[PDB]
Structures are given as structure tokens and as C-alpha cells.
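Q: Sharing a structure here in C-alpha cells format.
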Amino acid sequence: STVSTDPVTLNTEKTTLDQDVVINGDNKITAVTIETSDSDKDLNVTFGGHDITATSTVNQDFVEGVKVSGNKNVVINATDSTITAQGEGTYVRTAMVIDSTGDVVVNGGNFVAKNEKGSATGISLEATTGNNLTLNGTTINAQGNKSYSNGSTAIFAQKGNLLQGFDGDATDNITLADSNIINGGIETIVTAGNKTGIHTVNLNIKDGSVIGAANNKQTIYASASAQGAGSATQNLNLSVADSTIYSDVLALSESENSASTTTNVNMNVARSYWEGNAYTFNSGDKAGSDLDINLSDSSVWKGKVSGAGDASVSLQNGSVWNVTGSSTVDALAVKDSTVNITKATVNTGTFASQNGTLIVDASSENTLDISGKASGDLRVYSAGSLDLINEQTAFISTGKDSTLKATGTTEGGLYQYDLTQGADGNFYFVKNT
Ligand SMILES: [Ca+2]
Ligand SMILES: [Cl-]
Ligand code: NA
């Protein structure tokens, strides 16, 4: 028969889904369960193009499209299949839940989660010890209540919870290869409570992947929390290659009763476009957070970075940082690359430039403010202005032991202006007559 209205189990004895699955009700649902544990080697499962839909109005229980359990590796062949978890309820609707301790490779598939009342999550990684998850050509579309900041999560990777802190260490290796997150963010979180919780996520976004859209920016959210004797470390190693990301990146660290909590975000962006803002946020005396942002191989970043945590930005290989709002970092390094500050001021502690380029708007007051040591060589450009340039605007300010060499020319009214170092060490555009 074409459609099962009963839940289906796939396992070593039945690796093929052979009908659509459509479950409706007012109770908990798991429409399809993949049990890997009796597989002698890996398990290879095919959905045969069939769709899977779980819809429930249950308020305080879970709605799941697919659940993957057991302890063997599985490959899920989901090409042309749509896996849906939906229906209005307080508890989260999740298109696919993974508590298997084995690897999970997903080939294709469209994972959809909808919940207008509570949260919706595309894929949740819930193995106690962490999972390897690979998405090849997969699509995720999570739409919860937008009244909630965390309401729509494409990929949810949390260790621990409020009831029981997470005691131990876990690594989730998450790869998006030519995959598309249409809606929902990515959350990589450890809630240690009073335990010692250590969570490392290696998030690889590669080979033509897309997150969000210009008018639909998502959030990549990394968070660590702990209390008292507890301790929490959240590492997010975010590698982006040949891809397009419309997403903020948040590092949040939340400590109570002097528990040490650290959120370390390490971003490498290669041949990619990233549109979105980076933030650090520390709550509590012993909370620390950091952002290490490196653009290489002709990458473009359009966004801003701020927060009370530590942030470092490095650009190489003709990369561009197009600054969209006031930004503050500890350190900015530019090699054969461009920072465009036509629209906003960058504040940095240190600055190092090697064949670097600064784009300014000579008619604005958007400047490069370096509080500490600036070094190297920088070319400064501005489009011509119909109006004269303010010769008292320090378009580059430096701190001490600064050895930066900065040059450039622009046009203001009928005059040429030359970037000139003043007696104060800062750089100003000076009318050349
Ligand atoms: Ca932006
Ligand atoms: Cl606890
Ligand atoms: Na099969």
C-alpha cells in the first residue's frame, strides 16, 4: 500500500522504506525509527524517495519525523524525500533526532520542522558521547515561533540540560557539503551545571553550501554555561569553504557562582561569502568568550563585530571585510586584503598590514582607530567628494610604537588631497595645492 499511517522501523532486516509514512494525532509521534545496533557492519538505509510526516497537537510531548538509535554507523539515502515534523505544541518538533552513538551520513533529503506555538528543530544531535554527522546535498527548513530567539534551529547540538548538567567531554563533527539551510540557525551549546562539561563542535560548511538568504539571516549560536563547582568549555571550529553564509555568529558564556565558562569560536572562511555579525557576550565574573576570524582565498565578509569578549580578525589573499557598523576587536591583520570602512568605524587594539588596503569615505567620520601598535604598509582610497575634505579628521589613528606607513590620495571639490601623517602620528587628508 502506498501510505503507512503507522510508524515504521528500519534496521538490518529492513533497510528500505517502501511507502510514504503519514502519522497524525494528539500524542507523541516518532514516524520512522532507524535502529542500527544489530548491524554487523554499518547500516545503509534508503528512503526510496518516500516522504515521512509526523503531525501532532500534543502539547507536552515530542513530535519526531525520524529517530536514529543504536551504536553502529548508518548512511541514510534520503534523495527526493521530505521528512516533516509539525503541529502546534509547546514541546519541540524535530524532523530528525539522532541519539545513535555511531556515525550518520545523510545523502540528500529535505528536513522540515514547523511549530507555530513552540520550537522547531531540523536535526538534533543527542548521543551522550557526540556524533559525526555528514549532510551531502541536504536541505533543512526549521520554522518555530519567532517570538522565541531560539525558536527555529536547523541543527541543534546541545550537551547537558538545566535538570542535569553535562559531565564529561564530547565532540560533534558536523559537515554540510553542498547543503542548504533554508531556515533555522545552528546551536552548539554545553550546559554543565555543577559538572565539568566540555563540548567541541567541528562545523564544516563546504562545497557550495548555503545558510539563509539576504533577507533571511540566521544565527550560529555557541554557548557555555556552568555554576558553582562546575566548569564549561564550548569550542566551535567553524570552517567555511566555497560557500555562502547569511548568519550572525554569537559566542555566549554564562557563569554563575564563579564557575569558569569559556566559549571559543575559531572561524576560517575560504573562497566564501559571509554576511552577518559576530558578537561575544560574557555573563558573570569568570565567563570568557573569544572569536578568532580568519578570511582567506578571496573571501568577503559583510558585517560587524562587537562585544566584551576577545575578538581577532585576519584577512589574506585578496579578502574583503566590508564593515557595516561600529566594530571593536583586539587585533586586526591585513595581508594583500581590503577593509572597507566607508560606512563605519573600526576600533582595534593592534593592527598589522602587509600590502593592505583601506577604503574610507573621506567625506564621513568613519575611521580606523588603533589604540595600540600599528605596523606595516597600507594604501588608503576614497571616492571623490563634491565637497572639500575635513583635514582634521584622523582617518587612521594609531597608538604607540606604531610604525605603520600609510599613503593615499583622494579628490574633494576641485582639489587633490594626500594622506599625511601628522605630528600626533595619526593620518589626515591634506589639501595638495
Ligand atoms: Ca549584516
Ligand atoms: Cl547539575
Ligand atoms: Na537499503
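Ordered as shown in the C-alpha cells, chains take letters A, B, and onward, while each chain numbers its residues from 1 and ligands are numbered from 1 in the order shown.
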Show me a table, sorted first by chain and then by increasing residue number, of the residues of chain A having an atom at most 9 Å from ligand 2, each with its shortest atom pair and the distance in Å to one decimal, counting only C-alpha atoms and all ligand atoms and written as a tab-separated table.
A:
residue	atom	partner	partner_atom_place_in_ligand_line	distance
A:160	CA	ligand 2	1 (Cl)	8.7
A:161	CA	ligand 2	1 (Cl)	8.3
A:162	CA	ligand 2	1 (Cl)	7.1
A:163	CA	ligand 2	1 (Cl)	6.4
A:164	CA	ligand 2	1 (Cl)	4.6
A:165	CA	ligand 2	1 (Cl)	4.0
A:166	CA	ligand 2	1 (Cl)	7.5
A:167	CA	ligand 2	1 (Cl)	8.6
A:191	CA	ligand 2	1 (Cl)	8.6
A:192	CA	ligand 2	1 (Cl)	6.6
A:193	CA	ligand 2	1 (Cl)	3.9
A:194	CA	ligand 2	1 (Cl)	4.6
A:195	CA	ligand 2	1 (Cl)	6.0
A:226	CA	ligand 2	1 (Cl)	8.4
A:227	CA	ligand 2	1 (Cl)	8.0
A:230	CA	ligand 2	1 (Cl)	8.0
Q: Take the residues that were just selected and, keeping N, CA, C and O atoms, output them as an mmCIF file, in the first residue's frame.
A:
data_model
loop_
_atom_site.group_PDB
_atom_site.id
_atom_site.type_symbol
_atom_site.label_atom_id
_atom_site.label_comp_id
_atom_site.auth_asym_id
_atom_site.auth_seq_id
_atom_site.Cartn_x
_atom_site.Cartn_y
_atom_site.Cartn_z
ATOM 1 N N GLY A 160 24.140 18.307 27.806
ATOM 2 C CA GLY A 160 23.569 18.695 29.077
ATOM 3 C C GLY A 160 22.244 19.427 28.939
ATOM 4 O O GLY A 160 21.756 19.719 27.844
ATOM 5 N N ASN A 161 21.634 19.698 30.092
ATOM 6 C CA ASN A 161 20.416 20.497 30.160
ATOM 7 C C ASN A 161 20.296 21.079 31.563
ATOM 8 O O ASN A 161 21.146 20.845 32.427
ATOM 9 N N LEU A 162 19.232 21.856 31.783
ATOM 10 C CA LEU A 162 19.058 22.535 33.066
ATOM 11 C C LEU A 162 18.902 21.539 34.211
ATOM 12 O O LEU A 162 19.427 21.757 35.309
ATOM 13 N N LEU A 163 18.178 20.441 33.973
ATOM 14 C CA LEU A 163 17.971 19.436 35.014
ATOM 15 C C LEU A 163 19.286 18.788 35.427
ATOM 16 O O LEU A 163 19.640 18.763 36.611
ATOM 17 N N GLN A 164 20.011 18.231 34.460
ATOM 18 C CA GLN A 164 21.281 17.566 34.710
ATOM 19 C C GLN A 164 22.351 18.223 33.853
ATOM 20 O O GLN A 164 22.307 18.131 32.621
ATOM 21 N N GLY A 165 23.314 18.864 34.501
ATOM 22 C CA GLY A 165 24.480 19.335 33.784
ATOM 23 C C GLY A 165 25.169 18.210 33.039
ATOM 24 O O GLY A 165 24.955 17.021 33.292
ATOM 25 N N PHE A 166 26.001 18.587 32.086
ATOM 26 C CA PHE A 166 26.727 17.607 31.300
ATOM 27 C C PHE A 166 28.085 17.391 31.947
ATOM 28 O O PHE A 166 28.857 18.340 32.099
ATOM 29 N N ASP A 167 28.360 16.157 32.359
ATOM 30 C CA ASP A 167 29.637 15.808 32.975
ATOM 31 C C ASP A 167 30.416 14.976 31.973
ATOM 32 O O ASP A 167 30.054 13.826 31.708
ATOM 33 N N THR A 191 25.629 22.774 28.598
ATOM 34 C CA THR A 191 25.061 23.204 29.870
ATOM 35 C C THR A 191 25.642 22.263 30.919
ATOM 36 O O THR A 191 25.164 21.133 31.075
ATOM 37 N N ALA A 192 26.687 22.709 31.611
ATOM 38 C CA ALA A 192 27.406 21.823 32.519
ATOM 39 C C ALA A 192 26.803 21.756 33.916
ATOM 40 O O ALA A 192 27.132 20.829 34.666
ATOM 41 N N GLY A 193 25.958 22.713 34.285
ATOM 42 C CA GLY A 193 25.507 22.784 35.664
ATOM 43 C C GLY A 193 26.705 22.846 36.584
ATOM 44 O O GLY A 193 27.636 23.635 36.379
ATOM 45 N N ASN A 194 26.713 21.986 37.596
ATOM 46 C CA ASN A 194 27.838 21.889 38.508
ATOM 47 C C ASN A 194 28.833 20.820 38.085
ATOM 48 O O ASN A 194 29.773 20.532 38.830
ATOM 49 N N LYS A 195 28.643 20.222 36.917
ATOM 50 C CA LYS A 195 29.561 19.223 36.391
ATOM 51 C C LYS A 195 30.683 19.892 35.585
ATOM 52 O O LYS A 195 30.721 21.109 35.422
ATOM 53 N N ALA A 226 27.731 27.217 33.264
ATOM 54 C CA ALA A 226 28.072 26.344 34.376
ATOM 55 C C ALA A 226 27.831 27.102 35.669
ATOM 56 O O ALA A 226 27.775 28.330 35.681
ATOM 57 N N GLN A 227 27.692 26.360 36.768
ATOM 58 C CA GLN A 227 27.502 27.014 38.053
ATOM 59 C C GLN A 227 28.327 26.328 39.130
ATOM 60 O O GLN A 227 28.603 25.127 39.059
ATOM 61 N N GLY A 230 31.019 23.640 38.914
ATOM 62 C CA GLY A 230 31.028 23.214 37.537
ATOM 63 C C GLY A 230 31.985 24.037 36.701
ATOM 64 O O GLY A 230 32.537 25.044 37.132
#
Q: Mind listing the residues within 10 Å of ligand 1, only C-alpha atoms and all ligand atoms counted, as a count of residues only?
A: 19
Q: Which of range 363-431 of chain A end up as strand (DSSP E) when DSSP is run on this backbone - answer as a PyMOL selection string?
A: chain A and resi 368-370+374-381+394-397+405-407+409-412+415-421+427-431
Q: Output N, CA and C atoms for every residue in the selection just made, as a compact mmCIF listing (two decimals), in the first residue's frame.
A:
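As a result, out07.txt now contains:
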# COMPACT_ATOMS: atom_id res chain seq x y z
N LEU A 368 39.63 54.39 11.09
CA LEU A 368 40.32 53.24 11.68
C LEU A 368 41.04 53.72 12.93
N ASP A 369 40.54 53.33 14.10
CA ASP A 369 41.04 53.79 15.40
C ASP A 369 41.84 52.66 16.05
N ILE A 370 43.16 52.77 16.02
CA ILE A 370 44.06 51.75 16.56
C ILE A 370 44.61 52.27 17.88
N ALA A 374 50.34 49.91 15.62
CA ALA A 374 50.03 49.71 14.22
C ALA A 374 51.35 49.58 13.46
N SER A 375 51.41 48.62 12.54
CA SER A 375 52.66 48.33 11.85
C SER A 375 52.38 47.94 10.40
N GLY A 376 53.40 48.07 9.56
CA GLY A 376 53.31 47.63 8.18
C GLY A 376 53.02 48.72 7.18
N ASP A 377 52.32 48.38 6.10
CA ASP A 377 52.10 49.31 5.00
C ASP A 377 50.66 49.21 4.52
N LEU A 378 50.04 50.37 4.29
CA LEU A 378 48.62 50.48 3.99
C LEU A 378 48.40 51.54 2.91
N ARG A 379 47.57 51.21 1.92
CA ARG A 379 47.09 52.18 0.94
C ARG A 379 45.65 52.55 1.29
N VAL A 380 45.34 53.84 1.22
CA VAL A 380 44.03 54.37 1.59
C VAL A 380 43.37 54.99 0.36
N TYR A 381 42.12 54.59 0.09
CA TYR A 381 41.32 55.08 -1.02
C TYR A 381 40.00 55.66 -0.54
N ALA A 394 41.03 62.34 11.61
CA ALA A 394 42.09 61.32 11.62
C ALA A 394 41.50 60.03 11.07
N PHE A 395 41.65 59.82 9.77
CA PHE A 395 41.08 58.62 9.17
C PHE A 395 41.81 57.36 9.62
N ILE A 396 43.07 57.48 10.04
CA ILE A 396 43.74 56.44 10.81
C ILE A 396 44.33 57.08 12.05
N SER A 397 43.97 56.55 13.21
CA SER A 397 44.61 56.88 14.48
C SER A 397 45.40 55.68 14.95
N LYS A 405 53.14 52.62 7.87
CA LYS A 405 53.28 53.54 6.75
C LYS A 405 51.98 53.52 5.95
N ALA A 406 51.32 54.68 5.84
CA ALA A 406 50.01 54.75 5.19
C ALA A 406 50.00 55.90 4.19
N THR A 407 49.55 55.62 2.97
CA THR A 407 49.55 56.62 1.91
C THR A 407 48.24 56.54 1.15
N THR A 409 45.59 59.08 -1.92
CA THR A 409 45.14 60.37 -2.44
C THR A 409 43.66 60.26 -2.77
N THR A 410 42.95 61.37 -2.58
CA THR A 410 41.55 61.44 -2.92
C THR A 410 41.26 62.84 -3.44
N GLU A 411 40.03 63.05 -3.89
CA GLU A 411 39.63 64.30 -4.50
C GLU A 411 38.47 64.88 -3.71
N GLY A 412 38.54 66.18 -3.43
CA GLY A 412 37.49 66.84 -2.69
C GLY A 412 37.20 68.19 -3.31
N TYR A 415 39.95 69.91 -5.55
CA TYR A 415 41.29 69.72 -5.02
C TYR A 415 41.64 68.25 -4.87
N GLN A 416 42.93 67.97 -5.03
CA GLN A 416 43.51 66.69 -4.66
C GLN A 416 43.98 66.77 -3.21
N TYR A 417 43.74 65.70 -2.45
CA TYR A 417 44.18 65.59 -1.06
C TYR A 417 45.12 64.40 -0.92
N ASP A 418 46.18 64.56 -0.13
CA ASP A 418 47.13 63.49 0.13
C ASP A 418 47.06 63.07 1.59
N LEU A 419 46.98 61.76 1.83
CA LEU A 419 47.01 61.25 3.19
C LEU A 419 48.37 61.57 3.81
N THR A 420 48.36 62.23 4.95
CA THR A 420 49.60 62.75 5.52
C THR A 420 49.66 62.45 7.01
N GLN A 421 50.81 61.96 7.47
CA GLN A 421 50.99 61.73 8.90
C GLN A 421 51.20 63.05 9.62
N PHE A 427 46.85 59.95 10.77
CA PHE A 427 46.87 60.20 9.34
C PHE A 427 45.63 60.98 8.92
N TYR A 428 45.86 62.06 8.16
CA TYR A 428 44.84 63.02 7.78
C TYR A 428 44.93 63.27 6.28
N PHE A 429 43.81 63.63 5.67
CA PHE A 429 43.85 64.03 4.27
C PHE A 429 44.13 65.53 4.21
N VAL A 430 45.18 65.90 3.48
CA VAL A 430 45.68 67.27 3.46
C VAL A 430 45.62 67.80 2.03
N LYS A 431 45.02 68.97 1.86
CA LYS A 431 44.85 69.53 0.53
C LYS A 431 46.21 69.77 -0.12
Q: Mind dumping a table of every chain A residue within 12 Å of ligand 3, with the nearest atom pair and its distance in Å to one decimal, using only C-alpha atoms and all ligand atoms, sorted by chain and rising number, as a Markdown table?
A:
| residue | atom | partner | partner_atom_place_in_ligand_line | distance |
| --- | --- | --- | --- | --- |
| A:10 | CA | ligand 3 | 1 (Na) | 9.4 |
| A:11 | CA | ligand 3 | 1 (Na) | 9.5 |
| A:12 | CA | ligand 3 | 1 (Na) | 9.0 |
| A:13 | CA | ligand 3 | 1 (Na) | 9.7 |
| A:14 | CA | ligand 3 | 1 (Na) | 7.5 |
| A:15 | CA | ligand 3 | 1 (Na) | 4.2 |
| A:16 | CA | ligand 3 | 1 (Na) | 4.6 |
| A:17 | CA | ligand 3 | 1 (Na) | 8.1 |
| A:18 | CA | ligand 3 | 1 (Na) | 10.2 |
| A:34 | CA | ligand 3 | 1 (Na) | 11.8 |
| A:42 | CA | ligand 3 | 1 (Na) | 11.4 |
| A:43 | CA | ligand 3 | 1 (Na) | 8.2 |
| A:44 | CA | ligand 3 | 1 (Na) | 5.4 |
| A:45 | CA | ligand 3 | 1 (Na) | 4.3 |
| A:46 | CA | ligand 3 | 1 (Na) | 4.6 |
| A:47 | CA | ligand 3 | 1 (Na) | 8.0 |
| A:48 | CA | ligand 3 | 1 (Na) | 8.6 |
| A:74 | CA | ligand 3 | 1 (Na) | 10.7 |
| A:75 | CA | ligand 3 | 1 (Na) | 9.3 |
| A:76 | CA | ligand 3 | 1 (Na) | 8.8 |
| A:77 | CA | ligand 3 | 1 (Na) | 8.2 |
| A:78 | CA | ligand 3 | 1 (Na) | 10.9 |
Q: Dump C-alpha atoms for the selected residues as a PDB file, in the first residue's frame?
A:
ATOM      1  CA  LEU A  10      14.122   0.382   9.662  1.00  0.00           C
ATOM      2  CA  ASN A  11      17.004  -1.865  10.738  1.00  0.00           C
ATOM      3  CA  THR A  12      19.352  -4.567   9.465  1.00  0.00           C
ATOM      4  CA  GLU A  13      16.361  -6.742   8.476  1.00  0.00           C
ATOM      5  CA  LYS A  14      14.570  -3.929   6.606  1.00  0.00           C
ATOM      6  CA  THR A  15      16.804  -1.226   5.109  1.00  0.00           C
ATOM      7  CA  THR A  16      14.301   0.139   2.559  1.00  0.00           C
ATOM      8  CA  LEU A  17      11.397   2.434   3.279  1.00  0.00           C
ATOM      9  CA  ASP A  18       8.751   1.272   0.809  1.00  0.00           C
ATOM     10  CA  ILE A  34      16.260   3.694  12.373  1.00  0.00           C
ATOM     11  CA  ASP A  42      27.499  -0.194   9.000  1.00  0.00           C
ATOM     12  CA  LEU A  43      23.813   0.114   8.081  1.00  0.00           C
ATOM     13  CA  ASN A  44      22.823   1.513   4.657  1.00  0.00           C
ATOM     14  CA  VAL A  45      19.204   2.720   4.533  1.00  0.00           C
ATOM     15  CA  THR A  46      17.188   4.013   1.576  1.00  0.00           C
ATOM     16  CA  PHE A  47      14.012   6.082   1.778  1.00  0.00           C
ATOM     17  CA  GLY A  48      13.244   5.329  -1.890  1.00  0.00           C
ATOM     18  CA  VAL A  74      24.434   4.465   9.283  1.00  0.00           C
ATOM     19  CA  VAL A  75      24.145   6.032   5.834  1.00  0.00           C
ATOM     20  CA  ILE A  76      20.704   7.474   5.125  1.00  0.00           C
ATOM     21  CA  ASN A  77      19.887   7.780   1.454  1.00  0.00           C
ATOM     22  CA  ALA A  78      17.121  10.401   1.520  1.00  0.00           C
TER      23      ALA A  78
END
Q: Kindly give the distance, in Å, that separates CA of residue 290 in chain A and CA of residue 263 in chain A, rounded to a single decimal.
A: 6.4 Å
Q: What separation in Å, quoted to one decimal, exists between CA of residue 156 in chain A and CA of residue 142 in chain A?
A: 10.8 Å
Q: Find the residues near residue 158 in chain A: any atom within 7 Å, counting only C-alpha atoms, skip ones fewer than 5 places away on the same chain, and give them as a list in words.
A: residues 188, 189 and 190 of chain A
Q: Pick the closest to residue 94 in chain A from A:231, A:184, A:149, A:8: which is it, counting only C-alpha atoms?
A: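 Closest candidate: A:184.
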Q: From the list A:111, A:273, A:279, A:148, which residue is nearest residue 243 in chain A when using only C-alpha atoms?
A: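 Of the candidates, the smallest distance to residue 243 in chain A is held by A:273.
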